[PDB]
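Here the structure is laid out as structure tokens; the discussion comes afterwards.
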Amino acid sequence: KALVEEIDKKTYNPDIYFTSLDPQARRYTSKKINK
Amino acid sequence: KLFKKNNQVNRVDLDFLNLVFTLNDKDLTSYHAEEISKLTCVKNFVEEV
Amino acid sequence: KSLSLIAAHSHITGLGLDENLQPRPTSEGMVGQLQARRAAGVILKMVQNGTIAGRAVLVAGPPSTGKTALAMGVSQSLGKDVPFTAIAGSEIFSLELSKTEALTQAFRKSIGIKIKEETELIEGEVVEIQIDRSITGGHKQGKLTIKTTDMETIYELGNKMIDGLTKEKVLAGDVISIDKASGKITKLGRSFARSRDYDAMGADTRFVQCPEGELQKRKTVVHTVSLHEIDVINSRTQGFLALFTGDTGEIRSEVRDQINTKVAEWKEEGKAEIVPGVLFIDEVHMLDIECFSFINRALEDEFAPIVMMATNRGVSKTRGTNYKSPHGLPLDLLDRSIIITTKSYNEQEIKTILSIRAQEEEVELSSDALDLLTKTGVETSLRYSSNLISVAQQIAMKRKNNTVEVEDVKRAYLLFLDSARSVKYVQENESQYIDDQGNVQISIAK
Amino acid sequence: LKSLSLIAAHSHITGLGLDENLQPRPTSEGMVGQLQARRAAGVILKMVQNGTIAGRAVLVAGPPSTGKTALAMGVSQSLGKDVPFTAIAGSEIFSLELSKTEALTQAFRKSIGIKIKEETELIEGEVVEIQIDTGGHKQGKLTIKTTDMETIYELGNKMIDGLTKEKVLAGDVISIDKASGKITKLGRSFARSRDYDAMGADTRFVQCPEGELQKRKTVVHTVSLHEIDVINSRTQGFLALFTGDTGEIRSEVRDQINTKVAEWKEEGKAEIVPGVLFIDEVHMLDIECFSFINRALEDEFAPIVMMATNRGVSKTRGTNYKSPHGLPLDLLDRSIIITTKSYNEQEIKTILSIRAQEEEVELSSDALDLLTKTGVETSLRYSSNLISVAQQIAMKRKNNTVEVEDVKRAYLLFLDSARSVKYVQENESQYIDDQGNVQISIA
Amino acid sequence: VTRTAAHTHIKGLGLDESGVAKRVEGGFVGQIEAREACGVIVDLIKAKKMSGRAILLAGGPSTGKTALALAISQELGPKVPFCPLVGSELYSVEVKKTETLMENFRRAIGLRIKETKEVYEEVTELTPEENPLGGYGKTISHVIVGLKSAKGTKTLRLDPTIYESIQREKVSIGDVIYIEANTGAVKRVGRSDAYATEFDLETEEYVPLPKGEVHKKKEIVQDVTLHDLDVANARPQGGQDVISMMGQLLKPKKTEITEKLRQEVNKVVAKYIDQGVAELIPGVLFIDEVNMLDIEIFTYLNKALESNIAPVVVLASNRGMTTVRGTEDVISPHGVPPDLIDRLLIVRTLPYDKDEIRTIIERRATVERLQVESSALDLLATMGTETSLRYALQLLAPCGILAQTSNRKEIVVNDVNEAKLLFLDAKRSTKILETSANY
Amino acid sequence: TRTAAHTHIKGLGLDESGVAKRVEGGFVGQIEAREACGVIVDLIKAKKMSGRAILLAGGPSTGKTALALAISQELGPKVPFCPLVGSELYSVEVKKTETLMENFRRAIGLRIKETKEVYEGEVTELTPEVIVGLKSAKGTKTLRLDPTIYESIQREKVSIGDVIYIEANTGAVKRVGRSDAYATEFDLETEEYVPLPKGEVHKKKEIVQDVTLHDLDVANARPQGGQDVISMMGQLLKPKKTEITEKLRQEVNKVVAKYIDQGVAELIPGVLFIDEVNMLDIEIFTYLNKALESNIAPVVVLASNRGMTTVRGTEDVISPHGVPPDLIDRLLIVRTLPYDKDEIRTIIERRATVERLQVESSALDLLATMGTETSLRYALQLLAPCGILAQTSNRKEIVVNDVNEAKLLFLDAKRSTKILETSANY
Amino acid sequence: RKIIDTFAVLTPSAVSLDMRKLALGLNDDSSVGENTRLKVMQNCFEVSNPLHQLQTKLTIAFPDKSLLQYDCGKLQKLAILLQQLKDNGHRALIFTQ
Ligand SMILES: Nc1ncnc2c1ncn2[C@@H]1O[C@H](COP(=O)(O)OP(=O)(O)O)[C@@H](O)[C@H]1O
Ligand SMILES: Nc1ncnc2c1ncn2[C@@H]1O[C@H](COP(=O)(O)OP(=O)(O)O)[C@@H](O)[C@H]1O
Ligand SMILES: Nc1ncnc2c1ncn2[C@@H]1O[C@H](COP(=O)(O)OP(=O)(O)O)[C@@H](O)[C@H]1O
Ligand SMILES: Nc1ncnc2c1ncn2[C@@H]1O[C@H](COP(=O)(O)OP(=O)(O)O)[C@@H](O)[C@H]1O
Ligand SMILES: [Mg+2]
Ligand SMILES: [Mg+2]
Ligand SMILES: [Mg+2]
Ligand SMILES: [Mg+2]
């Protein structure tokens with residue numbers, strides 16, 4: 011990785027990486043996403 | 558990746574047949590080696606054979 | 074490309090010839106030298122054929138008569154994709170490698186191999202990555218979404234490549250290329266999608282991109298590598314560093330033999346092709362008798378490229394010996410080679426060359442100025458005029474006129490001396506310079 | 005046939021052919037003739053075997069192909085093994101890493117060896133079945149068994165601390181010294197062979213040692229002085245005994261080793277065996293080398309130096325003047341010269357017969373006579389090679405014995421030096437001249 | 177599409193069973209005596225008895241010495257080593273010339289060794305492991321591993337050490353591995369091909385399943401040279417600590433290999449030979465332009481030749497009565513000191529003739545896939561006899577290029593004349609060099 | 131101040147028309163040579179040509195080195211200028227041609243612009259992954275760092291309360307020192323204290339640092355990494371320089387061409403000056419002949435004071451100025467002339483006035499006559515002993531007695547040779 | 033330490049990352065073993081370095097502190113006047129635009 015990166019201390023899950031074009035900006039499991 | 562494709566097919570391990578012995582000076586003593594060679598020569602497997 | 078200021082052979086663009094190997098009187102930079110040009114064209118065609126190995130041609134003639142110019146012409150007309158290694162005879166004597174080893178490296182550098190492989194590729198716009206944690210049911214539940222110009226599809230990661238996309242910070246909405254077998258991820262920049270979303274990033278992303286076709290295809294990758302690169306690579310643990318540091322250090326012969334056998338097996342297996350390029354040696358008279366003796370045998374090897382030689386002198390004493398030989402070369406090496414001779418230059422040819430140099434250096438010359446330059450070139454030398462023409466440009470600019478006239482050329486001639494005039498002045502006042510025996514007179518009086 | 009030699013140039017020679025009264029027999033042990041030189045070599049061999057004389061320069065001089073190298077090889081063979089014999093040539097002295105004097109000193113040090121004895125005590129046969137159960141791994145006891153002994157030993161804190169590292173499976177023959185040193189793993193008993201199906205890379209099955217558990221043994225090692233210097237020079241210098249990059253060992257190490265060897269000899273733990281340093285083609289060697297030898301010959305730790313040369317009044321390298329044997333008079337003064345004479349027809353015939361016998365070649369009488377005639381007119385080595393060439397010729401013809409026709413065919417197939425010289429002289433134009441003038445064109 | 181370089185038109189000595197040389201066979205023409213002598217020499221080499229024999233070929237330039245040596249190498253066969261060298265190649269910079277000469281001397285003799293090995297090759301399952309009952313903090317008694325292969329499966333039990341080796345390899349459960357019980361080393365061949373499509377992507381190559389029985393007994397035969405053993409012992413590659421690998425990182429420079437190492441290697445090789453495991457095969461060392469050697473290497477050759485395992489050395493030289501380089505007042509034939517030429521045998525090579533030159537040109541044209549006319553071939557032969565044999569052979573190719581340019585498949589007289597006018601030879605260049613002001 | 135045989139020469143002293151004034155810029159005479167040098171200077175400033183080669187030839191004490199120094203000083207500090215002597219090319223660890231090519235690469239320069247990102251301030255927490263809670267005097271921010279920079283941090287023995295200074299581009303880490311807040315913890319605390327840095331923790335700067343092609347060639351030829359132990363041991367593994375392959379030079383050329391094409395950098399060719407070219411041998415002359423016909427070579431100026439002499443390395447090859455004729459053919463020769471009495475007097479006056487010395491008219495005339503009779507350099511060098519001799523007598527102005535005593539004390543070459551020839555013991 | 037602090041100034045003109053790590057062959061992708069590279073880096077990190085301070089001083093250099101007073105003509109006189117004034121127990125008001 012590129013050395014020296016800025017983080018905001020919020021969330022910051024090293025094993026969770028979610029990236030999209032942000033059309034909904036919602037996790038598929040945010041709160042057991044279903045019905 | 559292309560060169561390391563026929564390695565084990567025609568390679569003989571030199572260290573196995575005591576041909577790279579130059580490092581055996583590091584951790585082997587003379588009298589222990591002599592005792593091993595004394596208690597080395599067969600005479601046991603042939604019995605079960 | 075290849076940002077450069079100027080070269081003494083910058084105007085030469087690949088020899089000049091026809092489809093019948095006939096030389097035009099003036100084409101692509103060089104003029105005259107019709108027989109030498111046709112011989113160079115024949116040599117070039119022989120090189121392009123690639124079915125003949127280890128031929129030695131020696132270009133010989135008086136100095137400043139299109140020898141290095143002809144070499145540059147044949148090198149340029151040969152084009153890329155064919156190796157052309159140009160070296161000087163004085164750079165083989167090194168304190169790190171024996172002259173034989175340096176000559177061997179130069180010979181190996183001039184022959185290349187093209188290795189062709191077939192690989193499947195996955196390309197397209199990625200729109201979303203989803204990554205999970207470690208769970209008993211699955212070590213990592215990750216999915217990738219890919220959008221082409223016509224297809225959208227979902228891929229599932231298998232516990233390793235997620236380290237691939239997390240090793241470097243990648244993000245969606247861009248076109249990437251990933252190899253099934255290799256596993257390398259190449260981010261080509263940023264996709265097109267909506268123009269506004271990537272129109273305010275401050276340039277970057279290499280002028281973005283747009284998806285072209287489908288998801289996965291099958292392509293062919295060809296890698297061109299010189300043989301010497303192969304020996305350096307296989308010599309040490311990390312020889313590709315030595316490809317830049319230059320500390321190979323007399324690679325052993327077993328490596329070379331193994332490379333030869335493996336390359337031959339590839340060639341008759343249809344996995345690689347051979348390009349026999351050209352090795353050119355300037356000022357071959359600077360070599361040694363040992364180097365010539367080694368070349369005598371190195372020429373007859375199967376993987377021997379076409380060798381060109383340039384020398385000036387005639388009937389001189391060869392280095393490393395005590396007898397005088399023609400061209401500064403031994404008799405047997407001369408017998409092994411084919412000689413191409415060059416003649417002097419006509420006044421008309423000198424004028425044409427000077428005009429070409431003028432139009433190359435963006436300098437405008439009046440007709441009388443060109444005539445005076447041609448007269449000086451015929452009187453003294455071509456290179457003196459080819460330097461005076463450039464040096465008079467600054468004098469012309471000092472008068473606030475772009476065109477060069479007779480007065481500028483006269484001023485340049487009277488300002489910058491010449492070999493003959495300098496020799497005459499030295500002989501007239503030899504008591505002021507340092508003598509051969511070291512005796513000097515400095516005091517003006519007495 | 006312990007060595008790997010196929011057939012050497014002179015392998016028929018096994019020692020000097022002399023007897024108890026030092027009188028050389030006419031032919032024995034592969035040597036023929038040269039009675040005076042053989043007697044002198046026997047005297048030299050007696051001197052070196054005596055071991056009470058240090059630094060003697062003897063020089064073997066004679067025309068080429070008269071047995072100087074053969075005489076030295078015979079002396080080396082008769083001296084037997086266990087005595088160092090360092091054979092070198094002059095051209096090997098000039099090196100790109102060491103100076104000439106350093107290489108000469110290293111050769112001198114290699115030429116003489118020492119026997120060093122060492123007394124040690126061991127315990128072997130650790131078929132144990134350990135018994136360790138207070139706290140902190142208490143109950144420090146373990147059994148030891150062998151063919152004639154069996155006893156239980158208690159353990160200390162440091163002993164068990166050593167035992168836990170390099171774990172012993174309680175059924176493996178292990179050794180340990182009472183010198184407060186390290187317990188050494190030896191092997192595994194044969195009872196645990198069938199247990200697995202794929203053994204590791206460090207497991208062996210040694211039988212149970214017999215005798216007594218506490219054994220005491222003396223071992224004698226033969227080490228050259230140069231090896232000791234190399235070992236003590238660096239942190240791990242023994243590897244330089246194979247790679248060869250010693251790098252000009254300093255004088256402090258050498259004098260320290262000299263004092264150590266003197267102390268060892270005084271205490272009776274070591275004894276010095278002098279050797280012989282043989283130098284072929286000593287004529288080609290710099291004046292610096294002779295200057296250094298002139299002083300290095302006077303050291304107490306100096307071997308017997310044999311030199312070989314075949315030059316007349318020739319120029320010594322590194323100078324401008326001419327001297328006999330290519331050696332300065334200063335060095336020639338402190339030496340004794342053994343001169344070898346030319347060979348007789350009968351001696352040549354006997355040598356040829358011996359060499360043919362060595363190669364299992366059956367020569368006819370007339371073939372041997374013709375070979376002797378050719379070896380008399382030409383050199384001896386020419387005929388010596390001609391015998392093997394003619395043997396191959398005859399074998400191609402499906403006939404075991406070699407006849408006159410085969411010898412003549414071999415003679416007319418391979419050229420003697422004189423005939424080649426004559427042919428070169430008669431055809432000077434075809435060959436490349438000294439000035440590089442040749443005539444390749446035939447017309 | 178086959179490349180040629182001054183050779184490959186010769187493929188043997190052209191000798192019958194009785195050793196008689198046919199006039200035109202194997203690519204050779206003439207030189208009957210030299211071919212017969214070289215055949216006798218190669219027979220002696222095949223005899224595998226001698227050690228240190230030395231042959232030197234004498235003759236003018238472009239007479240067939242190098243061709244003769246290459247013919248000997250071709251006749252010998254690929255198995256027997258053949259090390260070619262040039263005289264100037266010995267002058268190294270890293271190490272002294274004597275060391276390089278000895279290294280090339282040892283590179284000539286070879287050794288064929290054999291070794292029988294067992295091996296095991298899809299992993300089905302593995303279980304690691306009893307009570308300590310002593311000083312064992314963590315005990316792993318044995319490990320049970322099952323393999324599938326193709327011709328039936330089988331399970332077995334194996335040591336904890338090979339289990340730690342597996343963990344170092346870090347193989348999964350659905351994999352194919354390569355375990356050699358001789359050294360107790362496991363090699364992960366890879367995943368299983370039939371285990372594909374578990375995920376949409378996977379970097380690792382899946383690789384098919386091993387064929388045949390899992391428990392394979394086999395034997396291997398390898399040809400090496402004594403120089404390979406010397407290099408392996410001098411610069412061992414094993415080692416895991418920092419020092420060993422960082423020594424491996426530095427460039428490998430030649431050193432002065434000691435004599436003791438060579439003696440020990442010889443002793444070990446002899447011991448293995450006595451058991452019938454391996455057999456030795458002497459080779460040939462070939463040297464070009466021995467006049468490039470100085471007096472020091474020439475003198476050391478006397479000591480090297482009289483050794484015990486010296487190979488057969490073949491030397492080439494074209495000089496006449498010249499001064500041996502390294503000394504200023506020693507006139508010797510072929511530039512070789514008198515003692516050395518006393519130590520070896522001489523084979524003379526005779527110059528060719530007009531008909532032989534014509535046949536050589538015809539053979540080169542045929543092997544180059546070119547078409548020539550009888551009149552054109554006659555003109556080429558006369559040209560070669562006027563200037564040199566090599567000149568016509570070199571000039572053949574540009575004639576072919578010129579013929580191809582004018583859409584004509586046959587070499588003709590005007591093409592040969594045009595090639596003559598376009599390309600000069602040594603004689604004309606010498607004749608026009610001195611007749612000019614500027615060189 | 132300090133003077134050494136120069137620094138009284140401040141330029142060619144030319145006007146806009148290029149005509150050399152008789153006395154200007156610490157120069158007298160040498161009008162034609164000065165005009166030619168100005169023309170060459172304009173040609174260099176054009177930044178179009180490549181590989182142009184001139185040499186200036188004349189007797190000793192005629193101003194060749196002075197002319198080269200004036201050219202360099204008139205060009206300006208922006209343009210690189212590499213001076214050299216013929217004897218430097220004979221190195222020990224690399225071949226002569228490689229050293230010449232190294233100087234060739236060193237001769238030309240490249241001006242580039244770069245952006246540097248910097249973090250600094252007090253450290254609040256340090257938790258292994260490394261996460262650093264930097265806090266400036268106005269802002270606070272947490273950063274994630276690589277293991278290498280973490281190792282550099284550990285080697286700096288940093289702790290909570292230490293103002294530090296990290297650079298993002300290179301990874302360089304420097305602990306500025308203990309924060310001023312904890313200024314009362316030990317009455318004799320050895321650690322120094324520093325106030326918290328001002329501004330936000332993250333800053334960006336734009337710099338126009340210059341470089342040379344040889345600099346960024348040796349950058350990837352051999353590294354000089356920094357604070358990492360692995361980099362330290364890697365740079366310690368090889369301590370000797372080596373010859374650079376042409377492939378590295380080609381890759382450097384491609385990278386530089388891409389940079390200048392992107393509108394981020396510009397190229398400024400320089401000058402390579404070689405004094406006493408007669409020390410070069412035939413091989414170096416041939417290699418320089420080959421290397422001049424390149425597409426990146428700079429302008430090379432050569433100096434020599436020789437007649438028709440033999441080229442070093444050859445036996446009987448004689449040539450003017452000891453330069454092979456083939457290299458002479460591609461050369462531009464600039465003549466240099468000897469001086470006269472009044473010119474010598476003016477030069478002596480200038481050298482006296484730059485050394486803050488007072489010389490009376492009669493002493494100046496005697497010095498000029500001496501310089502004409504013996505040499506110019508001897509008269510120039512005899513000034514300082516005359517000044518000290520005048521000072522010892524508690525004076526300020528040089529007198530005829532002072533120059534006479536200086537003549538008595540010190541000898542020139544002619545009288546030394548005369549006393550050498552007429553003596554018994556050597 | 034004092035000498036090496038005072039007389040170590042110069043820094044390299046150009047540096048190239050991904051070359052220091054590539055020199056030893058210890059990178060993400062290399063011909064050396066995946067775990068063999070871990071043993072050596074662990075050993076090297078355990079290895080101490082007595083030349084570290086020279087490494088820090090030869091990589092980044094700070095432009096001193098006192099020169100701020102030196103490099104302005106008014107600041108030197110202001111400092112002298114302020115010292116003279118403070119030593120005499122006075123107080124001052126400074127004005128600027
Ligand atoms: N036929 C030609 N066409 C154009 N330029 C030429 C020609 N012949 C020579 N030149 C000029 O001569 C110079 C090269 O001279 P060259 O023949 O290389 O000298 P040398 O033979 O001594 O190496 C170049 O600057 C080139 O412009
Ligand atoms: N007395 C002898 N007994 C056996 N062989 C001998 C004898 N004298 C000479 N030879 C033969 O001569 C050869 C040795 O020649 P030598 O005189 O050593 O040559 P040089 O004088 O050049 O060293 C050996 O091959 C050996 O077979
Ligand atoms: N008898 C022959 N038959 C066929 N070709 C020959 C014969 N003699 C010589 N040649 C050819 O002549 C060419 C050059 O001869 P070469 O052996 O190189 O001469 P030299 O012995 O001086 O090295 C070789 O390519 C070889 O093919
Ligand atoms: N025109 C001039 N004006 C002033 N001083 C000069 C002039 N020309 C030469 N000099 C002086 O002459 C001395 C010799 O000059 P320099 O070029 O260094 O050596 P050389 O002239 O022998 O090559 C220098 O110290 C210089 O100060
Ligand atoms: Mg040229
Ligand atoms: Mg001998
Ligand atoms: Mg040949
Ligand atoms: Mg000067």
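Residue numbers (the numbering used here), protein chains in the order written: chain A, 11 to 45; chain B, 558 to 606; chain C, 74 to 519; chain D, 5 to 447; chain E, 177 to 615; chain F, 131 to 556; chain G, 33 to 129. For each residue, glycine too, the CB sits at the ideal point set by N, CA and C.
Going by DSSP, which residues form a beta bridge with A:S30? C:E201
In chain G, what lies closer than 7 Å to E:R344 by C-beta? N67
Looking at chain G, is there any beta carbon in it that lies within less than 7 Å of the beta carbon of C:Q149? no
Extent of the continuous beta strand (DSSP E) run through F:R442: Element bounds for F:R442: n/a, residue is neither H nor E.
Alpha-carbon to alpha-carbon, E:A486 and D:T226: 29 Å
Below 7 Å between beta carbons: does that hold for E:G228 and D:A13? yes
Taking the C-alpha atoms as reference points, what is the distance between C:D444 and C:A133? 30 Å
Whole-Å CB distance - B:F573 paired with E:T359, under 8 Å assumed: 6 Å
Contact between the stretch 84-97 of chain C and the stretch 143-162 of chain C is defined here as three or more beta-carbon pairs at a separation below 8 Å; is this criterion met? yes
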